[PDB]
Amino acid sequence: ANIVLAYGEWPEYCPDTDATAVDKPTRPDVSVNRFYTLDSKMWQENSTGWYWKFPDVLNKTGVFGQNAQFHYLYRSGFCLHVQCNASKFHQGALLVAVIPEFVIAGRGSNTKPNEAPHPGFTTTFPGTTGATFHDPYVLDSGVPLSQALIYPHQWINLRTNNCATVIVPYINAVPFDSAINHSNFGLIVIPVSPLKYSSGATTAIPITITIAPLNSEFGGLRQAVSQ
Amino acid sequence: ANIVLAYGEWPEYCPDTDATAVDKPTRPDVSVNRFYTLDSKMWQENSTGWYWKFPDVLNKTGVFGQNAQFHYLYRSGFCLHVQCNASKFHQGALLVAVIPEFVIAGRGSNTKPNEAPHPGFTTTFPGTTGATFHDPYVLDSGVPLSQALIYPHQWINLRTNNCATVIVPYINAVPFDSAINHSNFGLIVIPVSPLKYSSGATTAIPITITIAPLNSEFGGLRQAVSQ
Amino acid sequence: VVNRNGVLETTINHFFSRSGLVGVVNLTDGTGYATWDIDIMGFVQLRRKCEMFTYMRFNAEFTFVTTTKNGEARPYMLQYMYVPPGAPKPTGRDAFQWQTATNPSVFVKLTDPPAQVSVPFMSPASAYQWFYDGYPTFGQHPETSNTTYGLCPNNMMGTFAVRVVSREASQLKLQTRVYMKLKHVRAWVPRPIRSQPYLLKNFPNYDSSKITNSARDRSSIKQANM
Amino acid sequence: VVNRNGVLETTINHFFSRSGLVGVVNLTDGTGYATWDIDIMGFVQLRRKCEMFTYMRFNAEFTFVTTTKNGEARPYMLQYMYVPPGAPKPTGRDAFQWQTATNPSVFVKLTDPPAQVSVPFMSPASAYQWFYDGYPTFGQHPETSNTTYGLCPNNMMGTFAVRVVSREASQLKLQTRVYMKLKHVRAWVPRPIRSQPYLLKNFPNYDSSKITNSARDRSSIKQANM
Amino acid sequence: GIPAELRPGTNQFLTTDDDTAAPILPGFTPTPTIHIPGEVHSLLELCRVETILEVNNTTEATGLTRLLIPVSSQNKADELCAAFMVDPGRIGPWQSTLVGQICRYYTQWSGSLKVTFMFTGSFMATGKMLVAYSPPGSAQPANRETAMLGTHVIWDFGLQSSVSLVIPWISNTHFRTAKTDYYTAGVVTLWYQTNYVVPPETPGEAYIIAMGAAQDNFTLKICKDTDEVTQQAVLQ
Amino acid sequence: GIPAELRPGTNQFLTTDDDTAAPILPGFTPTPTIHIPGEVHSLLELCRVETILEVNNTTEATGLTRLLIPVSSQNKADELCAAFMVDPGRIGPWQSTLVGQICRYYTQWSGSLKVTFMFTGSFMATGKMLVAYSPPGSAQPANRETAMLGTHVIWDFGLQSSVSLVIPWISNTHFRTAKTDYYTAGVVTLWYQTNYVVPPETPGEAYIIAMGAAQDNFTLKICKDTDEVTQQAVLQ
Amino acid sequence: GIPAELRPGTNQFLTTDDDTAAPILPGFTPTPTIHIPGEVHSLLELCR
């Protein structure tokens with residue numbers, strides 16, 4: 001298909017006039033700006049969807065992960081590539097969308113905040129394997145799925161294409177941030193149209209995610225902390 | 001006599017800068033812009049008057065009627081011609097007037113709107129045969145007849161003339177309108193001076209109406225609805 | 001004769017630019033709120049003046065004068081809210097509608113001067129029209145209990161709600177009078193000025209069994225008494 | 001078609017520049033003072049409007065409207081104090097905090113018009129954000145009673161205290177309503193507008209056992225009723 | 001701030017005040033204006049339009065007959081047909097006209113007036129009439145010899161059906177008050193100048209319609225609430 | 001000092017007033033502004049983004065299936081698939097879209113609309129559809145022969161998956177009110193133009209996703225409080 | 001006189017307001033200023 005540039009802006013280094021912390025940042029730029037492949041997901045007849053919180057999915061893999069957990073401040077953009085292919089006799093559709101500041105809501109009917117339910121840490125920050133949607137219809141947050149087209153997004157329609165690519169810059173209210181404490185955005189994949197085929201067709205359809213962290217900056221060097 | 005141009009303005013097509021609905025209108029302009037003759041009325045010694053609500057009198061006759069009930073929006077001006085002749089020994093006078101937005105009032109003394117009397121549909125929208133006046137003195141609406149000379153009008157004085165012609169443009173608060181739901185103006189004919197003659201004179205005096213819809217526009221084409 | 005008499009007083013703007021009684025709203029605060037459907041043909045003095053024309057386009061100025069039953073002016077806080085068509089109508093003296101976040105409101109004391117606001121021309125059409133010959137719907141339009149023959153849906157402008165801003169019931173019987181002034185006026189198609197007494201707010205009905213003559217009767221056509 | 005319809009009403013500044021109910025503070029004066037934590041997601045009408053965006057930067061105008069239980073307006077003096085983060089919180093109706101020497105304060109009568117002040121953009125970050133995906137601390141973040149997952153410490157702006165300036169107890173039950181208006185607004189990253197009912201002030205929780213449909217149900221897909 | 005003091009007239013709501021008020025909807029753009037015919041800029045454009053007088057405002061006439069002045073053949077000569085007062089705000093025939101209704105909205109009036117008479121009969125009937133305006137000073141004239149000493153027009157029937165009589169505004173003050181003695185402007189009378197003459201096989205009775213209006217120099221002064229509406233409750 | 005008097009409108013707190021207030025912190029310098037992507041200058045930028053309609057808003061469908069219109073093979077020909085109203089502020093499918101939610105914040109709306117239909121099936125399936133907008137005047141059309149007399153598009157399946165239907169704003173007033181009779185703009189219908197045809201070893205059912213949006217000439221008028229929030233207490 | 005209306009924020013005493021007040025002693029001339037060392041223009045000179 002095409003390539004989506006989120007908000008029509010390329011990622012870039014934090015410039016003059018926009019920085020606050022005063023020390024020279026590091027830019028590895030070849031060993032961190034590369035493509036990483038995650039383990040895939042089995043798309044089945046009743047799968048609800050998956051999500052990944054992004055400045056933690058790569059937080060433990062490679063030179064990027066080592067830089068992230070050695071430095072205290074981080075900033076970069078991303079390139080997202082979701083792959084899923086089937087035969088010409090399969091049918092379905094997936095919505096792939098990038099949600100900045102994707103805050104997961106607790107699921108319960110307690111009106112007193114003291115004893116109200118809350119998601120556990122892993123559900124909020126799944127890591128490399130992601131999490132599955134409990135209620136895809138309300139985006140697991142109380143807001144409708146239908147309007148998630150306001151976010152930068154693509155469709156994988158099995159009769160049209162088999163890849164979805166989004167290029168996204170750095171979105172935050174501060175020029176630099178901690179990559180262990182804050183997840184800048186989440187990536188959601190949801191099958192709004194179910195997967196269908198006939199007997200004799202392959203039943204094992206995988207969905208794979210590959211990401212590239214463009215324009216990586218780290219600062220505030222100290223010992224290595226990851227939690 | 002002469003010809004009355006209502007408010008000193010000729011009818012015209014809806015221009016640029018004044019239109020709202022965006023689609024090309026139709027202009028038949030030869031098969032709708034022509035003269036139609038209605039069946040006449042017997043003027044008698046105690047006739048009270050008649051009226052016609054005009055964007056429905058022609059709503060069921062000819063190509064104009066077919067266009068009106070096929071299209072949802074309408075706009076045009078009119079030319080009105082009333083005919084009545086008698087001998088040189090007859091006497092009388094008729095007032096012919098055009099009332100924009102001629103709303104017929106209910107006749108009763110009920111002060112609670114829930115159970116107050118109201119005119120039926122036919123009395124409000126008579127069609128091709130018209131309706132007769134119950135109280136010509138109050139114009140069937142609670143306002144005096146004497147001041148109906150504020151409207152564009154003519155007199156048929158049997159000793160002076162035998163025709164009355166009014167040319168009237170489009171009067172409305174919106175550039176286009178529905179011809180099945182809204183009657184833009186009504187035409188009233190009332191004998192303020194009674195008809196008198198002597199024995200041996202003809203007793204059958206008819207009154208006839210002929211109309212021409214100038215500058216016809218229709219829009220919003222769909223199926224044919226007439227109610 | 002070199003006449004210098006003056007004709008400026010006879011213009012439409014000077015004829016229509018004067019406040020007049022438009023509405024009266026009664027509150028008991030024993031419900032706790034009152035509502036009023038904005039419609040200005042409820043009082044005859046302004047109605048007769050406005051119905052001399054078919055089409056009228058203007059801005060307005062609304063003044064609110066609130067008092068009690070005895071006429072006292074004890075210091076209380078009142079909220080005036082304008083609820084446009086579609087918006088939810090307040091349901092109690094403490095409901096969630098009264099935290100007006102998009103709706104306009106005026107907080108005013110009973111001891112304050114009467115409140116005064118400006119209103120623009122708000123019609124989906126190009127002008128307000130008091131006479132609409134027709135129905136606002138495709139249908140059957142029954143011949144017995146007709147109604148809906150003079151709706152003019154281009155004239156529906158929402159409601160006005162008034163409440164007492166208080167923790168609980170204040171036990172105050174209030175009466176607020178709404179006065180409207182027309183500004184920047186234009187008019188089209190003059191009509192005869194009504195001679196018959198009014199009967200309904202939204203319909204032109206008149207008593208046919210009792211028709212009043214437009215001129216007072218005199219004894220003979222050869223005198224000059226009446 | 002030469003369209004002249006007007007689009008100025010649809011801007012962000014005109015959409016957000018209208019006062020709305022933000023807080024309610026109850027005082028008994030039987031303690032002698034009341035406090036309120038400044039946080040404006042306590043009422044749903046302004047919350048739904050503000051949560052249509054991720055980042056928002058603006059100045060504000062705060063109006064205070066104080067009444068009694070019955071609604072009377074007896075003449076008393078009240079002190080409104082704003083206590084920024086870190087500053088000591090007043091402990092009594094006569095404590096040493098009320099001699100505000102660096103803190104801002106407003107002395108206002110119950111009989112006066114509602115008080116009105118201006119507030120700038122006061123965040124250590126570049127914008128206020130209502131959605132903060134993360135924790136404000138390096139730690140263990142337990143998996144049972146989590147909390148602190150949406151703190152956004154860049155949004156903590158201090159408290160508001162109100163007292164009756166008097167020699168002793170005045171025996172007055174007061175209620176002050178705080179209305180906020182946004183001015184000079186900028187916004188970033190629009191989001192879906194919430195469909196589920198709100199449950200908590202600081203969390204986006206929703207009732208999963210009772211999910212409301214975003215569209216009302218109709219009988220068949222071949223009709224056009226709902 | 002700026003020192004000031006508040007003057008008498010503070011905190012008053014004048015119904016006819018000309019000030020500004022706070023807008024409720026900022027940034028608002030109204031519906032665009034279209035062209036509508038029949039625009040009105042003053043009431044004086046409406047005072048000049050001719051409108052029927054209810055001269056036959058008696059008990060016997062009801063309905064449309066109140067607007068018809070009968071004219072038949074006489075045999076006593078120099079007879080009187082009709083008479084009415086020329087004050088437009090006074091009760092009587094002028095109450096049924098538009099200029100009268102508008103003059104009822106004001107306190108003082110000035111200028112000349114016009115009355116048009118339109119004859120309705122057969123083509124064969126003919127006659128002459130004397131239409132006389134008499135300024136104030138005495139009762140209504142008792143004969144045509146007295147009535148012809150004032151302003152008048154002699155009108156014969158023909159192809160043209162109507163005649164016009166101009167009442168020329170003979171007053172001492174620049175304005176007159178609509179019954180607010182020192183006012184009233186005189187009386188209009190209508191007399192048979194010769195007769196109503198008709199051939200055989202033709203009706204012996206015909207009608208005349210009168211129509212009243214203002215003139216170029218007409219003007220009004222001091223707006224007021226009219227006295228032709230009535231209030232009893234709040235629904236009407 | 002300077003003489004003055006206080007006018008009506010004194011001592012009133014208008015929620016939509018445009019005035020000045022006293023600053024609390026003099027000499028204050030805020031945090032400097034950074035560049036953030038995705039800046040929004042008006043809601044009209046958001047009305048133009050396509051968003052899914054809940055057309056299958058029935059009792060049987062719950063969850064994501066409310067956004068899927070089923071399409072299978074017929075055997076009765078010229079059959080009807082779907083129908084819905086085109087008023088964006090009305091209850092129904094448009095309630096689930098962004099332009100509908102924003103239109104619920106205003107009183108009047110104007111301009112054209114757009115609906116995109118996206119076909120989801122196998123590469124081998126094919127067919128044709130008739131998507132018809134009908135302006136007001138009657139009930140929903142009962143057959144394709146009636147429905148094709150209005151505005152319509154004939155859409156065949158292929159490499160391109162979606163089609164667009166523009167609802168062109170045929171009205172008499174410059175604005176329409178979102179249920180505040182004289183409004184509602186007509187009905188959209190979706191009919192089988194030919195059929196749904198598939199080879200063997202392929203599912204016989206597929207889905208269609210509809211997505212609604214505004215147009216360039218769209219505009220809104222008179223802000224108001226929406227009717228999709230509810231208040232019961234003060235913690236939410 | 002000049003028509004006006006009074007706005008919210010009337011009759012309030014803001015502790016950090018920047019306005020004028022009426023002088024109590026007209027024509028007053030203070031004691032002349034001498035040169036004193038160690039003048040301070042901001043607290044930031046003392047933080048350093």
Side-chain angles (χ1 to χ4, degrees), chain C residues 75-77 107 109 165-168 170, chain D residues 19 21-40 42-43 60-119 122 156-180, chain F residues 11 13 21-26 234, chain G residues 8-19:
Chain C
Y76 286 77
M77 198 55 115
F107 286 83
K109 252 170 208 307
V165 181
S166 208
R167 71 305 173 201
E168 46 150 82
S170 159
Chain D
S19 286
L21 175 75
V22 152
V24 176
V25 193
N26 280 78
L27 171 58
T28 208
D29 224 32
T31 326
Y33 69 102
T35 209
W36 172 57
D37 269 0
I38 298 166
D39 176 63
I40 65 184
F43 297 85
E61 142 197 332
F62 284 78
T63 309
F64 313 91
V65 183
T66 319
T67 56
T68 77
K69 270 300 93 197
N70 310 334
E72 193 76 294
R74 312 141 80 155
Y76 286 77
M77 198 55 115
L78 314 183
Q79 203 188 338
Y80 297 144
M81 183 146 80
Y82 160 54
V83 178
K89 279 153 150 142
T91 78
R93 50 185 335 150
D94 291 293
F96 80 89
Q97 287 84 349
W98 293 113
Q99 40 143 328
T100 158
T102 325
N103 279 7
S105 294
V106 169
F107 286 83
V108 141
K109 252 170 208 307
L110 256 179
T111 65
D112 286 342
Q116 194 170 81
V117 287
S118 267
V119 177
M122 317 201 318
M156 293 153 108
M157 314 267 102
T159 90
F160 175 84
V162 44
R163 79 143 183 193
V164 173
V165 181
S166 208
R167 71 305 173 201
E168 46 150 82
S170 159
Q171 304 258 350
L172 268 200
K173 288 230 226 273
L174 297 188
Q175 202 153 232
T176 160
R177 279 152 187 102
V178 175
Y179 294 86
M180 191 182 141
Chain F
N11 285 356
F13 164 42
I24 60 158
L25 305 156
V234 182
Chain G
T10 278
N11 285 356
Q12 72 175 26
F13 164 42
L14 179 53
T15 262
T16 46
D17 217 322
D18 197 37
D19 46 346

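Computation of the quantities below employed the complete heavy-atom set of this structure, encompassing side-chain atoms and omitting hydrogens, waters and symmetry-equivalent molecules. Note on naming: letters A, B, ... go to the chains in the order of the sequence lines (proteins, then strands), and numbering restarts at 1 for each one.
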**Item:** Listed once per pair and sorted, the salt bridge (charged side-chain N to carboxylate O under 4.0 Å, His left out) pairs that draw on residues 82-97 of chain D, sequence neighbours left out
**Value:** D:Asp29-D:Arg93

**Validation row: D:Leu172, D:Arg74 side chains within 4.5 angstrom (heavy atoms)** = yes

**Request:** Return the minimal non-hydrogen interatomic distance between D:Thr67 and C:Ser166, and the atom names on each side.
**Result:** OG1-CA, 4.3 Å

**Request:** Report the residue from D:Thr28, D:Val25, D:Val162, D:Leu78 that forms a side-chain contact (heavy atoms from CB on, under 4.5 Å) with D:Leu174.
**Result:** D:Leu78

**Message:** In the structure I gave you, are the side-chain heavy atoms of D:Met81 and D:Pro90 within less than 4.5 Å of one another anywhere?
**Reply:** yes

**Prompt:** What are the two closest non-hydrogen atoms of G:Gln12 and F:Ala22, and how far apart are they?
**Reply:** NE2-CB, 4.4 Å

**Request:** With rounding to the nearest 0.5 Å, note down the distance linking CE in D:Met180 to CG in D:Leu21.
**Result:** 12.5 Å

**Complete:** Looking only at heavy atoms, the pair that brings D:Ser19 and D:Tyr179 closest together is CB-CB, 4.3 Å

**Request:** First locate atom CG of D:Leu27, then atom OG1 of D:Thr176, and finally report the distance between them rounded to the nearest 0.5 Å.
**Result:** 9.5 Å

**Message:** Does G:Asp19 have more than 12 heavy atoms from other residues, nucleotides or ligands lying within 6.0 Å of its CG?
**Reply:** yes

**Request:** Identify the heavy atoms of D:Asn26 and D:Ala34 that sit nearest to each other, and give their distance.
**Result:** O-CB, 3.5 Å

**Prompt:** How long is the gap from CD on D:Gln175 to CE on C:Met77, to the nearest 0.5 Å?
**Reply:** 13.5 Å

**Asked** Can you list the steps and then say if D:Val119 with D:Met157 is a side-chain contact (heavy atoms from CB on, under 4.5 Å)?
**Response** CA-CA 11 Å; D:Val119 177; D:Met157 314 267 102; over 6 Å; no

Exercise answer: donor-acceptor pairs, residues 101-118 of chain D side-chain atoms, under 3.5 Å, sequence neighbours excluded:
unit_1	atom_1	unit_2	atom_2	d
D:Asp112	OD2	D:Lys109	N	3.1
D:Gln116	NE2	D:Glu61	OE2	3.1
D:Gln116	NE2	D:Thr63	OG1	3.1
D:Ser118	OG	D:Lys183	NZ	3.4

**Asked** In Å, rounded to the nearest 0.5 Å, how long is the span from CD of D:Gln79 to OG1 of G:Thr15?
**Response** 7.0 Å

**Prompt:** Checking D:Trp98 side chain against D:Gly92 main chain: does a donor-acceptor pair fall under 3.5 Å?
**Reply:** yes

**Fill in**
In short, ring pair (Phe, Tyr, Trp, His ring centres under 6.0 Å) pairs touching residues 68-97 of chain D with sequence neighbours left out are D:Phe64-D:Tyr80, D:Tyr80-D:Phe160

**Item:** Under 3.5 Å donor-acceptor, D:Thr91 side chain and D:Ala95 backbone
**Value:** no

